[PDB]
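Data block below; observations after.
What is reported rests on the model, the rules as stated and the sources as named; none is laboratory data. No Cβ is skipped: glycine too gets one built from the backbone with ideal geometry, and neighbour counts run over all protein chains shown.
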Amino acid sequence: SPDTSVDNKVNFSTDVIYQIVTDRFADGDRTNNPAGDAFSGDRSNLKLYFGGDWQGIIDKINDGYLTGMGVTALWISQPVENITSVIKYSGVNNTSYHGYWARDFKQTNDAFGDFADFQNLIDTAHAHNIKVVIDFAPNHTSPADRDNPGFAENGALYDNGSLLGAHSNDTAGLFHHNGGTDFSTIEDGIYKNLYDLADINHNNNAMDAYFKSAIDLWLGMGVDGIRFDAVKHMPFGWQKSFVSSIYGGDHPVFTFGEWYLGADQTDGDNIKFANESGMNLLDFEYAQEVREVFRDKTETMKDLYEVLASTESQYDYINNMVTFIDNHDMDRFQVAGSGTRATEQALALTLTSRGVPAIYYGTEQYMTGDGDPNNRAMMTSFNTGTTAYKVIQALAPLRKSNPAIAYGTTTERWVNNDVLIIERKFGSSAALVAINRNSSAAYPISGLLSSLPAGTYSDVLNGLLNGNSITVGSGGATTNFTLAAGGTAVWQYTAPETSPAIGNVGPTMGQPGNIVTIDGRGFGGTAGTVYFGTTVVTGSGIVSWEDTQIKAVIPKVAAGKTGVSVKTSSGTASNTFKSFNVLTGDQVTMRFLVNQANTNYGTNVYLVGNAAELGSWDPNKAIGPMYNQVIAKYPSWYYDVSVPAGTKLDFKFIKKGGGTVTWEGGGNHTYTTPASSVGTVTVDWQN
Ligand SMILES: [Ca+2]
Ligand SMILES: [Ca+2]
């Protein structure tokens, strides 16, 4: 019922995610272990199955390891049936232990368990107030060789046990046949194969229907979240259409993808994805920077806040960024032979910072290992006594109890090369966090100011990371203190809120009729009003209303970005959740093709149209730069776009380059979209 409930599938910023590589966590059932060349009994080959399964996860929930840590969500390997063949990559036998080589998206990987096992995991987690997130990888099936049907399992796709097709002799046209990508461009990485993985053709409506059917199965079993694999390698438009159908369905859930960024790197396409796909993202800008600051010491605390400020400017849904200090695709945070304070401080920052914190299994056991697959070693121990375990145990529950932590703004109160003091603020609640990364020097903190009410505040960590108590004056001035070497402390104030405050709205995108979840404080007990822009939602439009959460039906309002606000029963107004994307209606994915659109170097073709999904005639929101190498060749251009179903579209193409915009001549192109199917529309550039 409240915002913090395990029942809240759609919003995760009050949660702490624990990321499990299922095969490498705990073998709770040896009877489902693979055997022979596919299994590593002595764990000498990290590319074979070790035997970790869902029973193992269930066991660590029941025996208190996970629950005692204070984690409230598990993010697990893709649960679906994978290939069972052993593949000799680079002189070494490899398996599907990682779950990414699907063969049937409607069946389980029997190494992990059967469907009853999976239901048991869902129910056991939910009973313990833990949400479950699954990897889902609709980009591809499994390895295939163009010139050898006998390689691996030839990327074969089954549908509840019956053959849909394989990569060789792909008679139903389920796969792309453009070779492998060189990752040179996003287009190249989308419509060519990811390494040798048979690449799903989502412009084939058989595949659109198949994957919508598949995900509904898993959501019907009670899955609370989806982590999409390889979002950079599928069309933006197909994924936007895909998640909109989830949001319009019976089980809206939290979704996020992995779009990798290196250290010191920003990517505009990454930002557009997170802001406009309807899907959120792992926060690699955060992750890489925190590693630079604490692990490698290659950036200062001043650099750190600069990144926090810039992400704030870049991303529209800041409370949805999934933060972390490492994961399955990075070198382990802990460097072997190094101290543990770096880990403990990085964890404390992540747990108290904006977004959705995710912790990679074994981080709290200081597990080491550089590169794949060394970063995916078996869980080394279940010792509940490590400092890192205790850090998580102390801080993770604050995400549930202190709305400033879960939802609040972020403010810099103090900075030095080695010292950062951050303040979170939401309504009357606040949290103040101080970190000194220097293990050899303490720092006097003088003249520090805070939004904390006057009083004495003890460290939530109780000095575990050498923190201290503080005294706050009636003007907000913090009495001078010394922040100890390696110091980390958290001071907090939680108040009863009298004025309505919106902390998050999920999903961030929806067509009229979708049910959205509005989380926060001070909504009151009796139903008030919800607003999309100035459009009122009342009575039957209100699904439910309590003080920390409202569920509302998206009204028939004009499509486009708008602000969501509320008004209590006594007429008190709230803040606004900005940039909610109202869709025109149910979506389909449409491939747009334009022919004979020649351009000069530096000029690209874009798509614009009257629908909001087509940028509403705004050349600055034109869709593109369009693609012109793989699916179709220059001077033809193409793009796959999420557009309203059963709807007449008016559109034109434009050429943009060097600050000048040239529009197509003649009248608008017109096209009425399919009612439910993906489709293709092909037109000629009008001179
Ligand atoms: Ca097992
Ligand atoms: Ca692809």
Looking at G602, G615, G658, which one is out of contact with any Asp or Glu (no Cβ under 7 Å at 6 or more places or on another chain), free of Cβ contacts under 8 Å to residues at least 24 places away in the same chain and not assigned by CATH to the domain that holds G510? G615
Tell me yes or no: at least one residue of the range 84-94 is surrounded by 22 or more Cβ atoms within 10 Å (Cβ to Cβ), assigned by CATH to the domain that holds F211 and more than 16 Å from ligand 2 (Cβ to nearest atom). no
Read through the list (1) away from ligand 2 (no atom under 16 Å from the Cβ); (2) more than 23 Å from the chain's Cα centre (by Cα), then give the number of the only condition that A144 fails. (1)
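Just to be sure, is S184 surrounded by fewer than 16 Cβ atoms within 10 Å (Cβ to Cβ), more than 16 Å from ligand 1 (Cβ to nearest atom) and touching a residue at least 60 places away in the same chain (Cβ under 8 Å)?
Here the answer is no, as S184 does not meet what is asked.
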Please determine, by comparing only the residues of the range 325-363 that are touching a residue at least 12 places away in the same chain (Cβ under 8 Å) and on the phi > 0 side of the Ramachandran plot, which one is farthest from the chain's Cα centre (by Cα). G362
So if I check each of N178, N154, which one is in a loop (DSSP other than H, G, I, E, B) and at negative phi? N178
Between a first residue in the range 284-313 that is touching a residue at least 24 places away in the same chain (Cβ under 8 Å) and a second residue that is assigned to a helix (DSSP H, G or I) and of a type in the set (G, A, S), which pairs have beta carbons less than 7 Å apart while being 6 or more apart in sequence or on different chains? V290/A346; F294/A342; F294/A346; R295/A342
Taking the conditions exactly as written (aliphatic (A, V, I, L, M), more than 16 Å from ligand 2 (Cβ to nearest atom) and free of Cβ contacts under 8 Å to residues at least 60 places away in the same chain), does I271 satisfy them or not? yes
Count of the range 376-415 residues which are within 30 Å of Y49 (Cα to Cα), buried (at least 22 other Cβ atoms within 10 Å of the Cβ) and in contact with a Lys or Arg (Cβ under 7 Å, 6 or more places away or on another chain): 1
In the range 472-584, which strands (runs of 3 or more DSSP E) lie fully inside it and hold 2 or more residues that are among the polar types (S, T, N, Q) and farther than 30 Å from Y443 by Cβ? 560-567, 577-582
Please pick out the residue among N120, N129 that is of a type in the set (S, T, N, Q) and away from ligand 1 (no atom under 16 Å from the Cβ). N129
Expected single match for aromatic (F, W, Y), touching a residue at least 12 places away in the same chain (Cβ under 8 Å) and touching an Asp or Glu at 6+ places or on another chain (Cβ under 6 Å) among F118, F105, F112, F136 is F112
In the set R103, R43, which member is assigned to a loop (DSSP other than H, G, I, E, B) and touching a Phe, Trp or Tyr at 6+ places or on another chain (Cβ under 7 Å)? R43
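Here is a yes/no grid of residues against (1) under 18 Å from the mean Cα position of the chain (by Cα); (2) of a type in the set (G, A, S); (3) over 23 Å from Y100 (Cβ atoms):
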| site | (1), (2), (3) |
| --- | --- |
| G248 | no, yes, yes |
| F254 | yes, no, no |
| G262 | yes, yes, no |
| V307 | no, no, yes |
| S310 | no, yes, yes |
Within the range 411-451, how many residues turn out to be of a type in the set (A, V, I, L, M, F, W, C) and touching a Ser or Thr at 6+ places or on another chain (Cβ under 8 Å)? 12
Restricting to the range 323-345, what's the tally of residues that are in contact with a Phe, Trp or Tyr (Cβ under 6 Å, 6 or more places away or on another chain) and surrounded by fewer than 20 Cβ atoms within 10 Å (Cβ to Cβ)? 1
Taking the options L157, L217, name whichever one is within 16 Å of ligand 2 (Cβ to nearest atom) and either more than 22 Å from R146 (Cα to Cα) or not assigned by CATH to the domain that holds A612 (or both). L157
Say we look at the range 5-40 and pick out the residues that are crowded, with 21+ Cβ neighbours inside 10 Å and hydroxyl-bearing (S, T, Y); which of these is farthest from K131 (Cα to Cα)? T22
Evaluate the following for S636: is it of a type in the set (S, T, Y) and either crowded, with 16+ Cβ neighbours inside 10 Å or closer than 27 Å to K232 by Cβ (or both)? yes
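Return the total of residues in the range 141-151 being hydrophobic (A, V, I, L, M, F, W, C) and buried (at least 23 other Cβ atoms within 10 Å of the Cβ).
Summing the residues that are hydrophobic (A, V, I, L, M, F, W, C) and buried (at least 23 other Cβ atoms within 10 Å of the Cβ) in the range 141-151 gives 1.
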Quick one: in the range 191-202, which of the residues that are outside any loop (DSSP other than H, G, I, E, B) and within 9 Å of ligand 2 (Cβ to nearest atom) is nearest to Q629 (Cα to Cα)? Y191
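Let's see how each residue does on (1) of a type in the set (S, T, Y); (2) in a strand (DSSP E or B):
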residue: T31; (1), (2): yes, no
residue: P34; (1), (2): no, no
residue: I57; (1), (2): no, no
residue: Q78; (1), (2): no, no
residue: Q107; (1), (2): no, yes
Quick one: which helices (runs of 4 or more DSSP H) lie wholly within the range 203-322 and hold at least 1 residues that are surrounded by fewer than 18 Cβ atoms within 10 Å (Cβ to Cβ)? 205-220, 268-276, 301-314
Hey, does the range 63-73 have a residue that's under 27 Å from the mean Cα position of the chain (by Cα), touching a residue at least 24 places away in the same chain (Cβ under 8 Å), within 16 Å of ligand 1 (Cβ to nearest atom) and closer than 28 Å to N139 by Cα? no
Residue tally, condition in contact with a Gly (Cβ under 6 Å, 6 or more places away or on another chain) and within 8 Å of ligand 1 (Cβ to nearest atom), over the range 10-31: 2
